[PDB]
Structures are given as structure tokens and as C-alpha cells.
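Here's the structure, in C-alpha cells; my notes come after.
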Amino acid sequence: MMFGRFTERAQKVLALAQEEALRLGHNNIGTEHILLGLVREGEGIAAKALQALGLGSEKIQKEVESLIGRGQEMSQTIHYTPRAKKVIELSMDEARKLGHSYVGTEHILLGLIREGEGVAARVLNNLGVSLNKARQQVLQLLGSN
């Protein structure tokens, strides 16, 4: 058996990533759309950790949309990019490394920073969040704070 399961909180950020892809006029979910889906949820442990590090939904949204743009729409329904598919595997590896039997919002963000080269990692670094800053706030705020 393997932890091919996401929390209801995490499934909501991934559903918001589809709504945000369709708002931007994209038929795909990237690392960018998963990070944008996180701040559009705003209460999940990862989004709460981003805001605890001094970020905010408009800051992350404006930096995402300034890097990926708008208007490539084709009414084609959503697909995951190779990096978003990698983040789904890496967040599941981070959940297994923590001994959690499903992937939380926390573990989605640990996947986004573990990818390290997609737009999500670059938005965090250009705002001022870093791999170890995000790890320490997420790893505390998930239940050890």
C-alpha cells in the first residue's frame, strides 16, 4: 500500500488551482497554479505558514500572474504540467517522510519548495521566502507550534 490520498483541505487547494487556471485562461495546472490555489484557500497550514512569513494572497498572485501571463484559453479542461505532476509525487514523498498517511496542504507546500525550479519556488524566493524558512514554519505550524 501507498499514501495515494490527499486531505479535504489539500483537495480544496487543488480544486482552486483548476479555478485559478481557468481564471487566467490556462488549460493547465503548473506549480504556479498549485501555489495560487493555496493562497486562494488561505486557511490551510501551508497558506497560514506563507502569511506567517509576511506574505499575502495579492503578493503571491501578482508575482505568479507577472511570470505566467493570461489568455491561452481553448475550453479544453485542465491537465497537470510535468513539474505539477512532480510536486504531486514530491508532496507525497514529504508526507511519507513525516509518517502521514495522506498529503496535507503543508505537504503540498513542502513539494513546491522541494521542486525548487518551477514558478512557485521562484515566486517565494523573489518575495523573500526560502526553502528552510518555509520548512521551519510549515513543520512547526502543522501541530508543533
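Numbering starts fresh at 1 for the residues of each chain in the C-alpha cells, the chains themselves are lettered A, B, ... in the order given, and ligands are numbered from 1 as they appear.
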Enumerate, in order of chain and increasing residue number, the residues of range 56-83 of chain A with an atom no farther than 9 Å from range 101-123 of chain A, each with its shortest atom pair and distance in Å to one decimal, counting only C-alpha atoms, as JSON lines.
```
{"residue": "A:60", "atom": "CA", "partner": "A:123", "partner_atom": "CA", "distance": 6.7}
{"residue": "A:63", "atom": "CA", "partner": "A:123", "partner_atom": "CA", "distance": 6.0}
{"residue": "A:64", "atom": "CA", "partner": "A:123", "partner_atom": "CA", "distance": 6.5}
{"residue": "A:67", "atom": "CA", "partner": "A:119", "partner_atom": "CA", "distance": 7.5}
{"residue": "A:68", "atom": "CA", "partner": "A:119", "partner_atom": "CA", "distance": 8.2}
{"residue": "A:83", "atom": "CA", "partner": "A:118", "partner_atom": "CA", "distance": 6.7}
```
For range 61-108 of chain A against range 17-20 of chain A, with a cut-off of 10 Å and counting only C-alpha atoms, what is the closest atom pair and its distance in Å to one decimal for every residue that makes the cut, ordered by chain and number, as CSV?
```
residue,atom,partner,partner_atom,distance
A:61,CA,A:20,CA,9.9
A:77,CA,A:18,CA,8.8
A:78,CA,A:18,CA,6.6
A:79,CA,A:18,CA,9.0
A:80,CA,A:18,CA,9.7
```
Using only C-alpha atoms, which of A:29, A:98, A:38, A:124 sits nearest residue 81 in chain A?
->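 Ranked by minimum distance to residue 81 in chain A, first place goes to A:29.
For the choices A:22, A:139, A:88, A:129, the atom-to-atom distance to residue 55 in chain A is smallest for A:129 when using only C-alpha atoms.
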